[PDB]
Structures are given as C-alpha cells and as structure tokens.
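Here's a solo chain for you in structure tokens, the form deposited in one PDB entry.
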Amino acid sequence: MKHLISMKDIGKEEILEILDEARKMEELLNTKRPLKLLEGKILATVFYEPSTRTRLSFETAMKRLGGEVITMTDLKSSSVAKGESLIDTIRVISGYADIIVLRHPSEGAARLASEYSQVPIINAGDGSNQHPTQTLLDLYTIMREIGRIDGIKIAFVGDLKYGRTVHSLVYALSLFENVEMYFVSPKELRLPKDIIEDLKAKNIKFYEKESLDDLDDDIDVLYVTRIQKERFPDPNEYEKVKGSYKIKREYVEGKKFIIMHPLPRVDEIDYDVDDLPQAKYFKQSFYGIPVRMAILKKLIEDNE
C-alpha cells in the first residue's frame, strides 16, 4: 500500500490485514512498555482546514509508536493566501517528513498530493468526502466487539443524506457477507439513492425505516450520526426531529446492540446512556488509536 486515499482502493482481505495489524497495536498498547516501532520517523500533519480531533488521534498514534510529529493546521491563509500551492507544500513537506496526514477542502486533493509526494499520503478528509481511517476504526470496533464483521445486522440513525462517514462505512460493509442494513432517518434525510442502487446491485439485504421503533432487537450494531441544525432552521420543527431520533436510556435498556458514534456527540445520544453496557462509542474512540497505529506503521514499512 503506497497511500491511503479512499476505501474504494482496498478490498476485504486487505481491510482484514489492516485490522489484524490493529489488534496487534492494541496489545502493544496494553503492554504499557515504550514502543519503538517508528522511532526516528516523522509524521507531518497537514491541514488546510481545522480538525483538532483528527490531529490528536494521529499524533497520539505516531507518538505511541515512538515516532515524532510536526504540525501544520492553518493553511487558509498561512500558505493558501501566502501564495504556495498545495503541490508545492506537499513537496517541501515530503522532503522534511516520512509520512503525511492531509485534510484539504478541494475534491481529489489527497489524490493529487499523493502524486507529488515522495512519502505516503493519508487522507483525513477532502474536505470530508472520504475518511478511510474513520471507516477502518468503525470496522475494527465491530470486529473487536461483535467478533467478526460478516453476518451483522446494523442500523444507522441520523442524517443519512449528508452523513459522509455513514456513506463510507456502508460501502465498506457491502464488501462483506450476509450484512443486513437498516437505514433510520427523517424522510427528508434518507440515504442517497445512488448508494441504494449500489446496495441493490451488490444484492445487499437492506431496509429504509422511518422510526427507531420500527427496529426489532435483532440489530447487532446501532451506528448513530448527527442531524445538524442547518437541516431545520425552525427551532420548533428541529425540536421534533431531535426528539424523534435521539437515543434514550429507556429505548436502550435490554437491547442486544452496541452503540457506535464517530463523535463528537452533541444531541444524538442522552448522557444517561453513556453508562449502559451497550454504549461503546468511547471505546470506539480508543480503538481509533491502535488502527491509526497500524495504518501509520504499514504505510512506512510498505514503502522503504
């Protein structure tokens, strides 16, 4: 693997390889002894747009591997208004570092960068169209907590129309077997039809549901995403929507599923669900570190 630009670039087997590697990274972390796997290696964080979350996780992952990190987070005026084009910055930075995590608004930005970069490019959103690492950690969470990915019944709740990370996860799962999908959302925010077509073609068993109550307790994974306010300018109607799709304790009690949420969690899930056994989004967050560790390590070693 030369770069990690989009989930579209890797198959089931290669995904499972990355997951195995992540399980190993997790054990290493459990060791509490200093790891030197990437000692002497430098990760360059290159963000034209902000993402404290993305930066922290990758920075943690790299440092857990004994590696170093240089950071470049503002380029909305630090070089985009300073003149330097993307391809110039990439070239300068691939000369400094050993690997780059890039978050750039322009479409195909990460792909172009990989073309001019002498080091591996990791795409952390362009500007948030394809986020492979988020999708990999989601899959990792499922494997860890459920045992394996094939044969799961997963339900997605929230804005399925603009949920980029849902989109990415949905596609990735279509590469697996016997996966039943449930798409719960406001009628206004249903999964993009083109995707629906992809699922139908791949002959995936799926359902579009209007309500959370339309779900039986056969679902193995509840993956909840955000429903932003920009979708309902009227505070009154927005109350309605939030109320209908907010995950609450009473609805969770005695359920089989685990609950996943890419974070941050704002309104989607009540605070008194956090302490329920099925709540796993914070554990999910942690899993993000071992899989980013595997990703970092793999890209370094695959290319030298």
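Whichever C-alpha set is largest while still superposing within 1.5 Å between the two forms counts as the rigid core. In this text, residue numbers run from 1 along the sequence as written.
According to the PDB record, 70-78 carries the higher mean C-alpha B-factor of the two stretches 70-78 and 205-213. Higher mean CA B-factor, judged across 257-265 and 31-39 from the recorded values: 31-39.
Highest C-alpha temperature factor among 150, 107, 159, 138 per the entry: 107. Note on the listed residues 227, 184, 101, 170: the highest Cα temperature factor in the record is that of 227. Placement of the Cα temperature factor of residue 145 within the chain: lowest third of the modelled residues, per the deposited record.
Residue 51 sits in the highest third of its chain by CA B factor, as recorded in the PDB entry. Among the modelled residues of its chain, residue 276 has a C-alpha B-factor that falls in the highest third according to the deposited record. In this PDB entry, residue 128 carries a Cα temperature factor that places it within the highest third of its chain's modelled residues. In the PDB entry, residue 178 places in the lowest third of its chain by CA B-factor.
From this point on, the text means the form deposited in another entry, which you will not see here.
Note: rigid core superposed between this form and the one not shown; among 202, 111, 231, 91, the CA shift is 2 Å or more only at 231.
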